[PDB]
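Novice: Below you'll find the structure I mean.
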Amino acid sequence: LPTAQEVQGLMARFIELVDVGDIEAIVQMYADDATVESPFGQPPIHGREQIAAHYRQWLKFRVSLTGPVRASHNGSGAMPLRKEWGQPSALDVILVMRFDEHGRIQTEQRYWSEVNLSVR
């Protein structure tokens, strides 16, 4: 499993990739059978093709870290971020990721809902 420093690096890079919107690079950071859990109790997204399709649908956007990555010794980490984007809207999110032996995202948990949305 990646160390804590490696997890920090990985999750930072993930943010960069989402910010530029490089879908292929994003998808490759995920394990081939990765699972992305939904904060809405919808079915999880499973596997690179579904993850790709969802990132393609999902992607006019700015994503940034609002604070340091919190890395662990168990190959996982959590980070706070803000997504910004007709009005000036923001969404506050926390992402939790568990990585496999190859430094790829094995599982992802996403924390946010409408209460974290600000339309201003």
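To be explicit about the labels: the chains of the structure tokens are called A, B, and onward in the order shown, and within each one the residues are counted from 1, while ligands get numbers from 1 in the order they are shown.
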If you count only C-alpha atoms, which residues fall within 10 Å of stretch 49-64 of chain A, apart from same-chain ones fewer than 6 positions away, as number ranges by chain?

Specialist: A: 12, 15-24, 26-28, 30, 32-36, 80-85, 90-93

Novice: Which residue gives the smallest distance to residue A:2 among A:69, A:108, A:89, A:77, with only C-alpha atoms counted?

Specialist: A:77

Novice: Could you jot down the atom CA of residue A:14 to atom CA of residue A:41 separation for me, Å, one decimal place?

Specialist: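 Computing it gives 23.9 Å between the two atoms.
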
Novice: Compile the contact shell of stretch 95-101 of chain A as number ranges by chain: residues with an atom at most 7 Å away, counting only C-alpha atoms, same-chain residues fewer than 4 positions apart removed.

Specialist: A: 1-2, 75-80, 105-111

Novice: I need the residues of chain A that end up classed as helix (DSSP H, G or I) by DSSP on the backbone, written out as a ChimeraX atom specification.

Specialist: /A:4-20,23-29,48-58,114-116

Novice: Using N, CA and C atoms, can you export the residues from the last selection as a tab-separated table (two decimals), in the first residue's frame?

Specialist:
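Final file, result-v1.tsv:
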chain	number	residue	atom	x	y	z
A	4	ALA	N	1.84	7.22	3.80
A	4	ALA	CA	1.07	8.44	4.04
A	4	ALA	C	1.50	9.57	3.10
A	5	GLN	N	2.81	9.74	2.90
A	5	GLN	CA	3.27	10.78	1.97
A	5	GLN	C	2.80	10.50	0.55
A	6	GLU	N	2.88	9.24	0.16
A	6	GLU	CA	2.44	8.82	-1.16
A	6	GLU	C	0.94	9.05	-1.33
A	7	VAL	N	0.15	8.70	-0.32
A	7	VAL	CA	-1.28	8.99	-0.35
A	7	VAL	C	-1.50	10.48	-0.51
A	8	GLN	N	-0.81	11.30	0.28
A	8	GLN	CA	-0.96	12.75	0.09
A	8	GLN	C	-0.71	13.14	-1.38
A	9	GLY	N	0.43	12.71	-1.91
A	9	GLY	CA	0.75	13.02	-3.30
A	9	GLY	C	-0.32	12.57	-4.29
A	10	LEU	N	-0.76	11.33	-4.13
A	10	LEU	CA	-1.78	10.77	-5.00
A	10	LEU	C	-3.07	11.57	-4.96
A	11	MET	N	-3.54	11.90	-3.76
A	11	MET	CA	-4.82	12.58	-3.67
A	11	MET	C	-4.72	14.03	-4.22
A	12	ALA	N	-3.57	14.67	-3.98
A	12	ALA	CA	-3.32	15.97	-4.60
A	12	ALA	C	-3.37	15.89	-6.14
A	13	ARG	N	-2.69	14.89	-6.69
A	13	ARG	CA	-2.70	14.73	-8.14
A	13	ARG	C	-4.11	14.47	-8.65
A	14	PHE	N	-4.86	13.64	-7.93
A	14	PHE	CA	-6.25	13.40	-8.30
A	14	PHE	C	-6.97	14.75	-8.45
A	15	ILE	N	-6.83	15.61	-7.45
A	15	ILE	CA	-7.46	16.93	-7.55
A	15	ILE	C	-7.03	17.71	-8.81
A	16	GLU	N	-5.73	17.73	-9.06
A	16	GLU	CA	-5.26	18.37	-10.30
A	16	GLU	C	-5.94	17.81	-11.57
A	17	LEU	N	-6.03	16.49	-11.64
A	17	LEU	CA	-6.63	15.83	-12.80
A	17	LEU	C	-8.11	16.16	-12.95
A	18	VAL	N	-8.84	16.18	-11.85
A	18	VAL	CA	-10.24	16.58	-11.94
A	18	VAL	C	-10.34	18.05	-12.33
A	19	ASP	N	-9.47	18.88	-11.78
A	19	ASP	CA	-9.52	20.30	-12.10
A	19	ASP	C	-9.30	20.53	-13.60
A	20	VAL	N	-8.30	19.88	-14.20
A	20	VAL	CA	-8.13	20.06	-15.66
A	20	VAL	C	-9.14	19.26	-16.49
A	23	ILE	N	-10.06	13.08	-18.40
A	23	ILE	CA	-10.87	11.91	-18.05
A	23	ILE	C	-10.07	10.62	-18.10
A	24	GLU	N	-9.30	10.42	-19.16
A	24	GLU	CA	-8.53	9.19	-19.27
A	24	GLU	C	-7.52	9.03	-18.11
A	25	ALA	N	-6.82	10.11	-17.78
A	25	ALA	CA	-5.86	10.10	-16.67
A	25	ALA	C	-6.57	9.84	-15.34
A	26	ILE	N	-7.75	10.43	-15.17
A	26	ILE	CA	-8.55	10.22	-13.96
A	26	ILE	C	-8.89	8.76	-13.83
A	27	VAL	N	-9.50	8.22	-14.88
A	27	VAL	CA	-9.94	6.83	-14.86
A	27	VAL	C	-8.76	5.89	-14.60
A	28	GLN	N	-7.60	6.18	-15.18
A	28	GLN	CA	-6.44	5.32	-14.92
A	28	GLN	C	-5.94	5.35	-13.47
A	29	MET	N	-6.29	6.38	-12.72
A	29	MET	CA	-5.91	6.41	-11.30
A	29	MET	C	-6.76	5.45	-10.48
A	48	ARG	N	-14.00	0.71	-14.21
A	48	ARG	CA	-13.50	1.86	-14.94
A	48	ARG	C	-14.44	2.37	-16.01
A	49	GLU	N	-15.20	1.49	-16.68
A	49	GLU	CA	-16.08	1.96	-17.76
A	49	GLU	C	-17.22	2.81	-17.21
A	50	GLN	N	-17.87	2.34	-16.14
A	50	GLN	CA	-18.89	3.16	-15.48
A	50	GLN	C	-18.32	4.45	-14.89
A	51	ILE	N	-17.14	4.36	-14.27
A	51	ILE	CA	-16.50	5.55	-13.70
A	51	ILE	C	-16.22	6.54	-14.81
A	52	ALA	N	-15.68	6.03	-15.92
A	52	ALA	CA	-15.43	6.87	-17.09
A	52	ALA	C	-16.71	7.54	-17.56
A	53	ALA	N	-17.75	6.74	-17.75
A	53	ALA	CA	-19.02	7.28	-18.25
A	53	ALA	C	-19.51	8.38	-17.33
A	54	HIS	N	-19.41	8.14	-16.03
A	54	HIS	CA	-19.87	9.15	-15.08
A	54	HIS	C	-19.00	10.40	-15.11
A	55	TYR	N	-17.69	10.25	-15.21
A	55	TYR	CA	-16.84	11.43	-15.32
A	55	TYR	C	-17.09	12.18	-16.62
A	56	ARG	N	-17.39	11.44	-17.69
A	56	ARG	CA	-17.70	12.07	-18.96
A	56	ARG	C	-18.99	12.88	-18.84
A	57	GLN	N	-20.01	12.30	-18.20
A	57	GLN	CA	-21.25	13.04	-17.96
A	57	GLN	C	-21.03	14.25	-17.08
A	58	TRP	N	-20.27	14.05	-16.00
A	58	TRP	CA	-20.04	15.08	-14.99
A	58	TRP	C	-19.30	16.28	-15.57
A	114	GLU	N	-27.08	18.60	-0.74
A	114	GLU	CA	-27.56	19.93	-1.06
A	114	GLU	C	-27.25	20.97	0.02
A	115	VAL	N	-27.12	20.54	1.26
A	115	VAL	CA	-26.79	21.46	2.35
A	115	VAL	C	-25.38	22.02	2.20
A	116	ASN	N	-24.58	21.39	1.35
A	116	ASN	CA	-23.21	21.85	1.08
A	116	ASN	C	-23.10	22.69	-0.18

Novice: Run DSSP on the backbone of this structure and report the residues of chain A it assigns to strand (DSSP E), as a ChimeraX atom specification.

Specialist: /A:30-36,45-46,62-65,70-71,76-84,90-99,105-111,117-118

Novice: Suppose you want the space between atom CA of residue A:117 and atom CA of residue A:67; what is it in Å?

Specialist: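 Rounded to one decimal, the two atoms are 18.0 Å apart.
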
Novice: For a test of reading the model, state the distance in Å between atom CA of residue A:119 and atom CA of residue A:94, rounded to one decimal.

Specialist: 18.6 Å
